[PDB]
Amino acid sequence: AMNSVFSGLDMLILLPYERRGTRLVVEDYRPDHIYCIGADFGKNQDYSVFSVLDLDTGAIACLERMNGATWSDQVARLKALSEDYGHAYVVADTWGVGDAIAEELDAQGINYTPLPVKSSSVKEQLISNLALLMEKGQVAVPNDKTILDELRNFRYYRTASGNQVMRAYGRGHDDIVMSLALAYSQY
């Protein structure tokens, strides 16, 4: 596609995994490594995606995805992932998530840093970083067709005034794309 964002998809490293319910587990926790978790919440009927990145290797160790999970359940699942990966810190897109998730992150003692995806400018910085790392052969994800498809279908458009926009082709989703970009913002 002429308007592909991820022109370096050919350099994406593809990793085998075990599906454990809502998790795709590439590898279990290694305590000599430091991890973070990109978190795109399930604000309403959209998916929540939590991407555990090994910051020593640049590889996704685990990716959890679901939709329709309660807000509290999303936070509990994030807590469990964080704890599983050595109190991995969460890079949380807190923009427009609502008071309950924001309060729950603090109330539950989640190890997190806010990265609100609050404009097209912020989004472009996150995505361009992911795209560059990808072309450089530094991005490694679970070899799952849904993940690869969501990256393949992430495209450039232009607004009425001529500003750049990045979004899913057609009527698609970008929760996986954004979760991965949030994780890799730290790499």
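All residue numbers refer to positions in the sequence shown, first residue = 1.
**Asked** Hey, which bit's got the bigger mean C-alpha B factor in the entry, 174-182 or 10-18?
**Response** Taking the mean C-alpha B-factor of 174-182 and of 10-18, the larger value falls to 10-18.
**Message:** Quick check: 137-145 versus 157-165, which has the larger average CA B-factor in the record?
**Reply:** Between 137-145 and 157-165, it is 157-165 that shows the higher mean C-alpha B-factor.
**Prompt:** Among 54, 32, 150, 64, which residue carries the highest C-alpha B-factor recorded in the PDB entry?
**Reply:** That would be 32, according to the entry.
**Highest-ranked of 129, 121, 70, 48 once sorted by CA temperature factor in the record** = The listed residue with the largest C-alpha B-factor is 121.
**Request:** Relative to the other modelled residues of the same chain, rank the CA B-factor of residue 99 and answer lowest, middle or highest third.
**Result:** Highest third, going by the recorded CA B-factors of the chain.
**Request:** Select lowest, middle or highest to describe the third in which the CA B-factor of residue 113 falls within its chain in this entry.
**Result:** For residue 113, the deposited C-alpha B-factor lands in the middle third.
**Asked** Split the chain's modelled residues into thirds by Cα B-factor; is residue 78 in the lowest, middle or highest one?
**Response** Its C-alpha B-factor belongs to the middle third of this chain's values.
**Asked** So where's residue 58 on the chain's Cα temperature factor ranking, which third?
**Response** According to the entry, residue 58 has a C-alpha B-factor in the chain's middle third.
**Message:** Lowest, middle or highest third: which one holds residue 84 when the chain's residues are ordered by CA B-factor from the entry?
**Reply:** Answer is lowest: the recorded C-alpha B-factor places it there.
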